[PDB]
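> Below is a structure I'd like to ask you about.
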Amino acid sequence: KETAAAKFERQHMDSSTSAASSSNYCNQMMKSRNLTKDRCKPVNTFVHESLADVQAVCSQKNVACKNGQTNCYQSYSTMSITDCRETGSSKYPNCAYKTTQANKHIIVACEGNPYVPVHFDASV
Ligand SMILES: Nc1ncnc2c1ncn2[C@@H]1O[C@H](COP(=O)(O)O)[C@@H](O)[C@H]1O
């Protein structure tokens, strides 16, 4: 089965690009990462940093999660990320997104042994 850890990597990791590939990036990536499979996933963030760097966030600044759990962590450094947001004109199965690149601190929830990212909570 797909572990939660693998699912985080599929949904949120993109170390290959340093930053968003112009205007087409979200359209292609949301599809290729299977987030347009059974609906247009409305909102999603990709992180353009090494896996090791993202994993290391599980030992950085402990902050409250949006759902009220205590297992969330904020990166001490800013990271290169891309926010994808579904357009008003987007209609399944033709899912359309705005690609917005930025540099922000990420917030991830971590679980397990090893203690790794399983949920992307926020960027700040
Ligand atoms: N603190 C957390 N630790 C682990 N997974 C979480 C956490 N917060 C949210 N999730 C995951 O993200 C989804 C969205 O959370 P919610 O909006 O509370 O339904 C949940 O179904 C979980 O799959």
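Our numbering is plain: 1 for the first residue shown, then up by one each step along the chain.
Looking at the header, which is where the method is noted, we find X-ray crystallography, 1.6 Å.
Positions of Cβ are set from backbone N, Cα and C atoms, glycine also.
Look at Swiss-Prot and you will find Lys1, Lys7, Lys37, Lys41 tagged as glycation site, backed by experimental evidence. Per Swiss-Prot, substrate binding site is recorded for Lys7, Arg10, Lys41, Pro42, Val43, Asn44, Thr45, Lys66, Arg85. Annotation comment: Swiss-Prot describes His12 as active site, proton acceptor. Residues or ranges marked as disulfide bond in Swiss-Prot (evidence: experimental evidence): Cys26-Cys84, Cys40-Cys95, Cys58-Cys110, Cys65-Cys72. Here Swiss-Prot flags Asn34 as N-linked glycosylation site, drawing on experimental evidence. Annotation source Swiss-Prot lists active site, proton donor at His119.
So where do these features actually land, and what's packed around them?
Shown in sequence order, the list is empty: the chain has no residue 6+ apart in sequence with a C-beta less than 8 angstroms from the C-beta of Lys1 (glycation site).
Under DSSP, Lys7 (glycation site) is assigned to a helix (H, G or I) in the three-state scheme. Counting Cβ atoms from all protein chains shown, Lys7 (glycation site) has 13 others lying within 10 Å of its own Cβ.
Under the DSSP three-state reduction, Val43 (substrate binding site) is assigned to strand.
According to DSSP, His12 (active site, proton acceptor) is assigned to a helical segment.
Following the DSSP three-state reduction, the secondary structure of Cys84 (disulfide bond) is strand.
Packing around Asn34 (N-linked glycosylation site) is summarised by its Cβ count: 11 other Cβ atoms lie within 10 angstroms of its Cβ, all protein chains included. Secondary structure at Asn34 (N-linked glycosylation site), as computed by DSSP, is coil.
With a 10 A radius on its CB, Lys37 (glycation site) counts 12 other CB atoms from all the protein chains.
Non-local neighbourhood of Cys95 (disulfide bond): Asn27, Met30, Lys31, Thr36, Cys40, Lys41, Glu86, each in the same chain, at least six residues away, with C-beta under 8 Å from its C-beta.
In this view, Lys41 (substrate binding site) is surrounded by 17 other Cβ atoms within 10 Å of its Cβ, with every protein chain counted.
In the three-state DSSP scheme, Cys110 (disulfide bond) falls into the strand class. All chains included, 20 other C-beta atoms sit within 10 angstroms of the C-beta of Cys110 (disulfide bond).
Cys72 (disulfide bond) falls within a strand when secondary structure is assigned with DSSP. On its own chain, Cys72 (disulfide bond) has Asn62, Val63, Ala64, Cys65, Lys66, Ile107, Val108, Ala109, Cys110, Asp121 as residues at least 6 apart in sequence with a Cβ closer than 8 Å to its own Cβ.
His119 (active site, proton donor) is surrounded by 20 other CB atoms, counting those within 10 A of its CB over all protein chains shown.
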> State which of the following recorded positions has the fewest other Cβ atoms within 10 Å around its Cβ: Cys26, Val43, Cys65, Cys84.
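Looking at the recorded positions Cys26, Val43, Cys65, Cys84, the Cβ with the fewest others within 10 Å is that of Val43.
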> How far apart, in Å, are the two Cα atoms that lie farthest from each other among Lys7, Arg10, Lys41, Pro42, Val43, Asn44, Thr45, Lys66, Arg85, the residues recorded as binding substrate?
22
> Under DSSP, is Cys58 (disulfide bond) part of a helix or a strand, or is it coil?
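The three-state answer is helix.
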> Listed recorded positions: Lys1, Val43, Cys65, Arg85, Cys95. Which have a CB under 6 angstroms from an atom of ligand 1?
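Passing the 6 Å Cβ check against ligand 1: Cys65.
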> Out of the recorded positions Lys7, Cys26, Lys37, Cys58, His119, give me the one sitting nearest to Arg85 (substrate binding site) by CA distance.
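Going through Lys7, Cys26, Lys37, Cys58, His119 one by one, the Cα closest to that of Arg85 (substrate binding site) is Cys26.
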